Protein chains: 2
Amino acid sequence: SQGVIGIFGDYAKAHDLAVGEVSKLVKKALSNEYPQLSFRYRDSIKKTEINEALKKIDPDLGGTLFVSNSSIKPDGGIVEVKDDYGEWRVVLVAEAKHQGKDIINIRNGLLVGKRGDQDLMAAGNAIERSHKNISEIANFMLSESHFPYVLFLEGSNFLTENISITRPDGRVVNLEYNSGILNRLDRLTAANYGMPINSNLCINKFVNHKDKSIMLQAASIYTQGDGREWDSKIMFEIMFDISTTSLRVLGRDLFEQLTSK
Amino acid sequence: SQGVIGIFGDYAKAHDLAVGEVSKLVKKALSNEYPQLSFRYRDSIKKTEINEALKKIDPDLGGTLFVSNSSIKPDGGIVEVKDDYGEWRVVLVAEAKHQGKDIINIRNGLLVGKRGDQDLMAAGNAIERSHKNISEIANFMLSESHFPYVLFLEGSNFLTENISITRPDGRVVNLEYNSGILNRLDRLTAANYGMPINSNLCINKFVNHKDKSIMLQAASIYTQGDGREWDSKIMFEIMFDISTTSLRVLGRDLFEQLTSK
DNA sequence: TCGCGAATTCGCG
DNA sequence: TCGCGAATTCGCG
């Protein structure tokens, strides 16, 4: 990539860092590009923080809490920057989910099912839980003009192209991506309003039906449709790209630090 | 309740009808109160319908579909009314979830856990999937001014008050609602922006940070905090109340049928 | 301690 | 057939 971004990317690939460790790498890269700015990484956000942010928007919001110390822990953590007013603004929130172990089963001679004779396993729906954290962060950033939520998908339940897997028997099992027996990719499309996947959807859209005005918060949904594992170098580039976009939208509240510092 | 609403409610209680069957009862009651209007019940909505509605709002929305015949099936179904333009407008969408079988375990002498010695089971997170359908219907009704989504919770994981359960041994197991070991009620609060639970939140709110304008779609989250099962009569009253509110917001597009018919 | 997250195996039309 | 939904048992700091 561009200058140091290529160097940081090679380090991510050399160690095959997890999403949480790649988020920490993104903060280092950001500190390197913008030395005048202050960045930090956080692994959790308590519900009391979200409610406080909700109350600032409307007094009747964020008035519910059953378990005092409730919180959310996105496996990728959170990256933030300090603005000219001394307040922390979120620049990135990452998450990585996995579902579908069919490629692993057919790579071997394992037959699944209640009878133990099926090549494929009927795909589940646990991936739907992803919407909770997306809704929590959206409420936390309801006053913001950007939504830097990145979700990485992996497994046999998120294919975007056909693949052929050869078993030890020699028989080639052919999987079709459009098969509703396995594809759960549509169980996530509501998160970004049906907008293109594998894209940076950080900048919020402002639609309107009939003189109304609404702000859409679309999450960036990236998938490895090949069936293979995610490459750490490409995860880093994607996450760094989304973080830079967050800074652009936040530009007006960071100016004094890039000049008067 | 008011007139016939009390009669329909007694019929629901006499048979202990499920949420899906109570939704059908609500359509009958609505047809009875508004004979000039046409109502219908639907058990499913395909993704092609949602995408079509999304495209009408913005041309770049609803442009993704991996499995041609994908759909959503809320266990409570959907109730709709026909407006003066011949188009169907959703008046109600119901759902009922269950989680936490601790009350059932301690009512007996059953000890759970990997060792088989715990009185309680560490609460799971499968209830988080609820956010998917809420997001789908919200996208389907993004042009509407109301959001009639009703979610009913039940189980030992959704307590709002303390309860004491006596086992066959005689020992009284005391459960505290604020205990994060069991309470999963906060895993749903994002759905209604922390607004009051057990309330009718059908009419959309219009907030704004700094000259922006946003429309909030909050789901009505009702829970049986006692730990007991839901009463069909009270489920019907709640659902009928939400349906009537939908008609009020839809008033301008139903006038010609109440007059010129 | 307490509170969050992994994601799976099948039943049902 | 194919495609959606139930919701659970524990590991981890």
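Proteins get letters first, then strands, A, B, ... in listed order; numbering begins at 1 in each. These numbers come from the heavy atoms of this one structure, side chains and all, not from hydrogens, waters or symmetry mates.
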Practice prompt. Report yes if the side chains of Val90(B) and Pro148(B) come closer than 4.5 Å at any heavy-atom pair, otherwise no.
Written response: yes
Item to complete: In plain terms, say whether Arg89(B) and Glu80(B) are close enough for a salt bridge, that is, a side-chain N and a carboxylate O under 4.0 Å apart.
Response: no
Discussion item. Name the residue from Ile106(B), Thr166(B), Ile165(B), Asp119(B) that meets the side-chain contact (heavy atoms from CB on, under 4.5 Å) definition with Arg171(B).
Written reply: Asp119(B)
Item to complete: Measure the shortest side-chain to side-chain distance between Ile78(A) and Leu92(A) over non-hydrogen atoms and say whether it is less than 4.5 angstrom.
Response: no
Worksheet item: Could you give the CG-to-P distance, from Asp75(B) to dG13(C), as a whole number of Å?
Response: 14 Å
Discussion item. What contact category does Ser71(B) fall into here, base, sugar-phosphate, or nothing, at under 4.0 angstrom with non-hydrogen atoms?
Written reply: sugar-phosphate
Using atom types as modelled, flag every donor-acceptor pair under 3.5 Å from a side chain in residues 230-240 of chain A to any protein atom, sequence neighbours excluded.
unit_1    : atom_1 : unit_2    : atom_2 : d
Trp230(A) : NE1    : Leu153(A) : O      : 2.8
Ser232(A) : OG     : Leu17(A)  : N      : 3.1
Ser232(A) : OG     : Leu17(A)  : O      : 2.8
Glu237(A) : OE2    : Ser1(A)   : OG     : 2.8

Fill in: Under the side chain to side chain contact (heavy atoms under 4.5 Å, CB included) test, residues paired with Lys24(B) that sit two or more places apart
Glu21(B), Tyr41(B)
Worksheet item: Please give, in whole Å, the distance from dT8(C) P to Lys114(A) NZ?
Response: 18 Å
Item to complete: Answer yes or no: does atom NZ of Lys55(B) have more than 12 heavy-atom neighbours from other residues, nucleotides or ligands under 6.0 Å?
Response: yes
Response to the item:
Minimal heavy-atom distance between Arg167(A) and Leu111(A), with the atoms involved, is NH2-CD2, 3.6 Å
Practice prompt. Grab the CG-P distance between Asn69(A) and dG3(C) for me, whole Å please.
Written response: 4 Å
Practice prompt. Could you check which residues of residues 178-188 of chain B get a heavy atom under 4.0 Å from DNA chain C? Sort them by number, please.
Written response: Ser179(B), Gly180(B), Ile181(B), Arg184(B), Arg187(B)
Worksheet item: Can you check whether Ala190(B)'s main-chain N or O pairs, donor with acceptor, with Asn139(A)'s side chain at less than 3.5 Å?
Response: yes
Worksheet item: What bend angle does the helix from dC2(C)-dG13(D) to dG13(C)-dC2(D) show across its length, from five-pair end axes and to the nearest 10 degrees?
Response: 10°
Item to complete: Would you tell me if any nitrogen or oxygen in the side chain of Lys47(B) comes within less than 4.0 Å of OP1 or OP2 on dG3(D)?
Response: no
Discussion item. Distance check needed: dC4(C) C1' versus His131(B) NE2, whole Å only.
Written reply: 14 Å
Discussion item. Regarding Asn133(A), tell me which of base, sugar-phosphate or nothing describes its non-hydrogen contacts under 4.0 Å with the strands shown.
Written reply: sugar-phosphate
Worksheet entry | Sugar-phosphate only, base, or nothing, as touched by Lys132(A) at under 4.0 Å among non-hydrogen atoms | sugar-phosphate
Fill in: Sugar-phosphate, base or nothing in reach of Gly155(B), heavy atoms under 4.0 Å
nothing
Response to the item:
Correct closest heavy-atom pair for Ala126(B) and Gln99(B) would be N-OE1, 3.7 Å
Worksheet item: Is it true that atom CD of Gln118(B) has more than 12 heavy atoms of other residues, nucleotides or ligands lying nearer than 6.0 Å?
Response: yes
Practice prompt. Taking only heavy atoms on the protein side, list every residue of residues 97-109 of chain A lying under 4.0 Å from any atom of DNA chain C, sorted numerically.
Written response: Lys97(A), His98(A), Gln99(A), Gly100(A)
Fill in: Spacing between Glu136(A) atom CD and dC4(C) atom P, to the nearest angstrom
10 Å
Worksheet item: Where each residue is assigned the nucleotide of DNA chain C containing its nearest heavy atom, which of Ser68(A) and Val112(A) is assigned the position nearer the 5′ end?
Response: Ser68(A)
Worksheet item: Please give, in whole Å, the distance from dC2(D) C1' to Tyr177(A) OH?
Response: 17 Å
Worksheet item: How close or far is atom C1' of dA7(D) from atom CZ of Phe158(B), stated in whole angstroms?
Response: 10 Å
Discussion item. Whole angstroms only, please: what is the CG-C1' distance between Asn157(B) and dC10(D)?
Written reply: 14 Å
Discussion item. With no hydrogens and no angle check, just 3.5 Å: does a side-chain donor-acceptor pair link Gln217(A) and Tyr149(A)?
Written reply: no
Discussion item. Let me spell it out: for each of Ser70(B) and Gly113(B), pick the nucleotide of DNA chain D with the closest heavy atom. Which residue's pick is nearer the 5' end?
Written reply: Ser70(B)
Worksheet item: Using 4.0 Å as the upper bound for N to carboxylate O, is an ion pair formed by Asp226(A) and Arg228(A)?
Response: no
Practice prompt. Under the side chain to side chain donor-acceptor pair (under 3.5 Å) rule, what do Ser243(B) and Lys27(B) come out as? Steps first, then yes or no, please.
Written response: CA-CA 9 Å; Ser243(B) 292; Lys27(B) 97 168 179 63; over 6 Å; no
Fill in: Contact list for DNA chain D against residues 120-129 of chain B - heavy-atom distance below 4.0 Å
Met121(B), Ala122(B), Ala123(B), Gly124(B), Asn125(B), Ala126(B), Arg129(B)
Discussion item. Does any part of the side chain of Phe158(B), heavy atoms only, come nearer than 4.5 Å to the side chain of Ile127(B), both counted from C-beta?
Written reply: yes
